[PDB]
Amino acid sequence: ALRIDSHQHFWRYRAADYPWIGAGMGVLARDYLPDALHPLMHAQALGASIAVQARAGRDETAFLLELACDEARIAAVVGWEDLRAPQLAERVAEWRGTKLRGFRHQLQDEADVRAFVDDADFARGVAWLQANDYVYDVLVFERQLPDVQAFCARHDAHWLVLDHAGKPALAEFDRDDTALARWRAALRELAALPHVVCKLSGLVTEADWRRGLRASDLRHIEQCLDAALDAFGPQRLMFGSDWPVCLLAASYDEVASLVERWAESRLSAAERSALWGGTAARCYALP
């Protein structure tokens, strides 16, 4: 049974190439390469990871597949391509036979997410992806969930992965007694689509990490894990670390531990096996 970290990044850091790494994020402002990741995975008995594009450009795809090309502990890559580009197929051919299993665009940084996903060219690209058994990772903020609802429903030919459980606004759970409710309604609406699955990752960094993770953040996170379980069911949940991004808020070990303690509480042995690699294996077509 594969044990998979379904969501991590790599980079040789250069400030202008990673606009999302800004002020107060100095911990991220350095290289993060497979060698730093292996001991972390080893400590959690995770045998392989999935490398996910951390910036927009084909060279990011090339870079990740280069790291992946001949490294057993990287099982798959989620790349980046211009999905609106008419030459999509030709471009993806360069990656034939490799561990490329899917694509992601950083939708959360789009100004009109809805206009972006409902675009005729982008839709063509995604439909082509699905026709070729490519996964598409959905990365949006909680408030953008309704903007991608219709998009997810129309692209039902292959698996869509909701990154970071759709980023609940955990920092607001105590100020805004509608934050949890709003996210849950949106989550449930997506989960009702059979071809959509859910990553349990990226939650420590939706809390107020700048001021520091508190015990109450861990409880809200558990609330989100429970909501995700209820909406998606135990067979559509996928552990990911979101390393190295998670280092803003918590260690790799802490990230894995809180999901583990939660899973031992709520899931059977078999369901845990799905959470810790089985679901990622089947959705990303892993050996």
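Start at 1 and count along the sequence shown; that's the residue number.
> In at least a third of the other compared PDB entries, does residue 176 have no coordinates?
Yes, residue 176 lacks coordinates in at least a third of the other entries compared.
> Between 174 to 182 and 203 to 211, which has the higher average C-alpha B-factor in the PDB entry?
On average, C-alpha B-factors are higher across 174 to 182.
> Check the entry's C-alpha temperature factors for 90 to 98 and 187 to 195, then say which stretch has the higher mean.
Comparing averages over the C-alpha atoms only gives 90 to 98.
> Which of these, 77, 145, 153, 162, has its C-alpha atom at the highest B-factor, as the entry lists it?
Highest C-alpha B-factor among the listed residues goes to 153.
> Highest CA temperature factor in the entry: which of 260, 242, 230, 59?
By C-alpha B-factor in the record, 59 ranks first.
> What third of its chain, lowest, middle or highest, does the C-alpha temperature factor of residue 273 fall into?
Within its chain, residue 273 is a middle-third residue by C-alpha B-factor, going by the deposited values.
> Place residue 250 in the lowest, middle or highest third of its chain's C-alpha B-factors, as listed in the PDB entry.
As the PDB entry reports it, the C-alpha B-factor of residue 250 lands in the lowest third of its chain.
> Lowest, middle or highest third of the chain for the C-alpha temperature factor of residue 115?
As the PDB entry reports it, the C-alpha B-factor of residue 115 lands in the highest third of its chain.
> Comparing against every modelled residue in the chain, figure out the third that the C-alpha B-factor of residue 26 lands in (lowest, middle or highest).
CA B-factor rank for residue 26: lowest third.
> How does residue 34 rank on Cα B-factor within its chain, lowest, middle or highest third?
CA B-factor rank for residue 34: middle third.
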